[PDB]
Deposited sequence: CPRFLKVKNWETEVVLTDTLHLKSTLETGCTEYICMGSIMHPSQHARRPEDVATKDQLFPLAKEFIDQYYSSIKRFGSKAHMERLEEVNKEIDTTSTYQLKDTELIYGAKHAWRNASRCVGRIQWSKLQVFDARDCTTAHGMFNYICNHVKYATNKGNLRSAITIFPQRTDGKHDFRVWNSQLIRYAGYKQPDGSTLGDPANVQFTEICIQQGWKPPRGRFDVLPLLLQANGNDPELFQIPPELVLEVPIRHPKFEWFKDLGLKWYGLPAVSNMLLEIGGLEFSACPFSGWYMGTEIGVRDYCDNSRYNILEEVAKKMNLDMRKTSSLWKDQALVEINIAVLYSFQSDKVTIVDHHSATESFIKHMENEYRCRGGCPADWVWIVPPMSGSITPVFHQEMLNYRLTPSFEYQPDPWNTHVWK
């Protein structure tokens, strides 16, 4: 690899110089002859790291941590190295200190190349839930997380971290992909009620005993697995689920569509890797960018898919695509979503503000850290791409650790007791 790589912004002419890529640790999926940059998941859950694999991964993280606190090579550094090395020898694993857990979680977010919101990465509240033993305890921790992060609409980013993987047969998992999502119900006639993306998970919940109200916006129950046991269902207390009815500043009829959305985006299916340790249950939450709701959730064809109905109430020419009736309604839907969150004082960021902040963050990271891995395909918003600054920004993508990773869906790997 070359020692310096340059990225250019084609709107501003600013050129940045990347040296951080030299620390990349895992594969991207690309090769010298093919680029897999638009593949969503480019390449068993119970083959766990051996002692020999774990030693160097732990040292690399411990070294990175002591370098970050300006104590590299110190007595405390060498003693921590020695202590970790003994633990891996006698127990095949080790335990992070609280300071290291917090450092690791913040840097997994800092390293998340697909996240446009990383200007906030150092302001993450970390809840240590490694003492948890049961699904009931996981439920308690998650409710506390939801309440803290929601903060009556003044949302605060947060992560709750459950015990790390041991042999792979005692994993903690949140089976929900997000803490708060709406059910989807397949009808005998082939139509779908609610959110079609959640039809499979809704069916699992019903089979586990959930009684479905069968409405358009039913919050799904939590399905929580502690210590590899069978998962257990819990209803989130509805007062903890902040929701926003969607209305439009100009169209009085928009409220008559009956749309609403929840305030808290909380991803619960990712795996947190710190120092070769694997935290398979690590729900984290921020605040929404408006397009995640307005463009994807509402206007994806396989989601709520409301463009047609809004276009009809806007009385648009829907016969030919070149009228841009879809584009026109899409803007109005996203105007309504931003207006509704701001009116109810629920934190939200529009795609112009978020991408402008990301460019400033990226520039600061290039100066102070030597780079900032970024996935252009994910960072550019799903509407109005070129009128945001990130469209014109060349980006380098590479995988640093600590990191968030995908993992298999737990219903596909779980051994039912």
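Q: Missing CA coverage against the deposited sequence, listed in sequence order.
A: Unmodelled stretch: 44 to 47 only.
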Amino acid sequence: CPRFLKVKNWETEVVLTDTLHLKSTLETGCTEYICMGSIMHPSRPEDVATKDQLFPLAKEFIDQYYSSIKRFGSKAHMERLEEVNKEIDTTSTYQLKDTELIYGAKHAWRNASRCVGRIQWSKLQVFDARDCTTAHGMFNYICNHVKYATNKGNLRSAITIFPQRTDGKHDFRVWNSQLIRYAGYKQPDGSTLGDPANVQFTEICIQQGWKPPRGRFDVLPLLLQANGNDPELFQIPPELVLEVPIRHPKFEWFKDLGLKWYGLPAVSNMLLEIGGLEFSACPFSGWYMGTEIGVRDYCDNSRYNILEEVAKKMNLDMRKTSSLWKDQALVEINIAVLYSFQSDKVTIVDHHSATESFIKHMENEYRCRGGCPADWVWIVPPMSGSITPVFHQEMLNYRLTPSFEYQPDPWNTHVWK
From here on, numbers count along this sequence of modelled residues.
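Take the two forms, find the largest set of C-alpha atoms that superpose within 1.5 Å, and that set is the rigid core.
Q: Of the stretches 25 to 33 and 378 to 386, which sits farther from where it is here in 8 other deposited structures of this protein, on average over its Cα atoms, after fitting the core?
A: After the core superposition, the stretch with higher RMS deviation in 8 other deposited structures of this protein is 25 to 33.
Q: After a rigid core fit, does 287 to 295 or 171 to 179 show more C-alpha displacement in 8 other deposited structures of this protein?
A: If we average over structures and residues in 8 other deposited structures of this protein, the farther stretch is 287 to 295.
Q: May I ask whether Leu57 is missing from the deposited models in at least a third of the other compared entries?
A: Across the other compared entries, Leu57 is absent from none.
Q: Indicate yes or no: is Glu46 absent from the model in at least a third of the other PDB entries of this protein that were compared?
A: Counting only entries that model residues on both sides, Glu46 is unresolved in at least a third of them.
Q: On mean Cα temperature factor in this entry, is 87 to 95 or 227 to 235 the higher one?
A: Mean B over CA atoms: larger for 87 to 95.
Q: On average, are the C-alpha B-factors higher in 375 to 383 or in 64 to 72?
A: Taking the mean C-alpha B-factor of 375 to 383 and of 64 to 72, the larger value falls to 64 to 72.
Q: Per the entry's Cα B factor values, which of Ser357, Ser38, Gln53, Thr388 stands out as the maximum?
A: Going by the entry's C-alpha B-factors, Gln53 comes out highest.
Q: Can you tell me which of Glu243, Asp128, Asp317, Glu292 has the maximum CA B-factor listed in the PDB entry?
A: Result of the comparison over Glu243, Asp128, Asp317, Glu292: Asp317.
Q: Divide the modelled residues of the chain into thirds by Cα B-factor and specify which third, lowest, middle or highest, holds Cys30.
A: Within its chain, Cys30 is a middle-third residue by C-alpha B-factor, going by the deposited values.
Q: Using the B-factor values recorded in the entry, state whether the Cα atom of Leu272 falls in the lowest, middle or highest third among the modelled residues of its chain.
A: Answer is lowest: the recorded C-alpha B-factor places it there.
Q: Should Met395 be placed in the lowest, middle or highest third of its chain by the C-alpha B factor in the entry?
A: CA B-factor rank for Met395: middle third.
Q: Hey, what third does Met362 fall into on Cα B-factor, ranked over its chain?
A: Within its chain, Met362 is a lowest-third residue by C-alpha B-factor, going by the deposited values.
Q: Which third of the chain does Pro163 land in by C-alpha B-factor: lowest, middle or highest?
A: Answer is lowest: the recorded C-alpha B-factor places it there.
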